[PDB]
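Read the single chain below, which is given as structure tokens and is the form deposited in one PDB entry.
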């Protein structure tokens, strides 16, 4: 179907009002999983980007967790829901030798303590750069997941992660989305450069400093929204990075309204039958309006 394309201000307002921005964060907060399980759930989720599967895997411990993760990485043995071991679209490439070498890296480093990976990435928080560099130590973990982890370390784990001036470090898609926005969104004021000249409204010549000008205007725009999952602070670059990215998909025909909440529940219902944590995941998931 070919739906109405919304402005970023209205599409973002929907993402915030319906908690369709990042529903996994709400569900996770609702589950109140114990620490070691939460860390296993997270490492699984950052590998496969599938909430129900991470729930199933979060119930295995120690070397039995990595053994079950290597089975999902090899995707030869069937899955407890039947079929192959599913991947989230953002992790579609976590397969073959890339997935298995990834698991050998983690097994070599964490041995019988898989809970330590998220604990090490989380630390006691820190700056976005410090957190993302810790994430990016692990094989098959790059710039997208580093940013995602840093978001979750703050939104889910409650550690203090400073994202100040991260806009220039956003992953290619939210960054390209900021470039398009400077060109096409008239509500974004002109970016007056230090020489007094205006930055050209051309997505192909948008510099890091204009992306920062873009993100800073959007943050101010949404400042009347408290950030989900708990509404503890106003929106910052972490939510704006997500609004930027999903808006580009929305405009491209690849993000109809509620896409994430609908997609999460559909792929998670099978797992709700093989794992009590998966059943708690599906029931903690928010719903469409």
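Numbering follows the first chain given and starts at 1. Rigid core here is just the name for the largest C-alpha set that superposes within 1.5 Å across the two forms.
Form deposited in another entry: not shown, discussed below.
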{"property": "Out of 79, 193, 119, 219, the residue that alone shifts its CA by 2 Å or more between the shown form and the other one when the rigid core is the reference", "result": "193"}
{"property": "Core-superposed comparison between the shown form and the other one, residue 209 Cα displacement 2 Å or beyond", "result": "yes"}
{"property": "Displaced residue check between the shown form and the other one: residue 157, CA, 2 Å or over, core reference", "result": "no"}
{"property": "Residue 46 and residue 168, C-alpha gap in the other entry relative to this structure (3 Å or more)", "result": "closer"}
{"property": "Residue 168 and residue 150, C-alpha gap in the other entry relative to this structure (3 Å or more)", "result": "closer"}
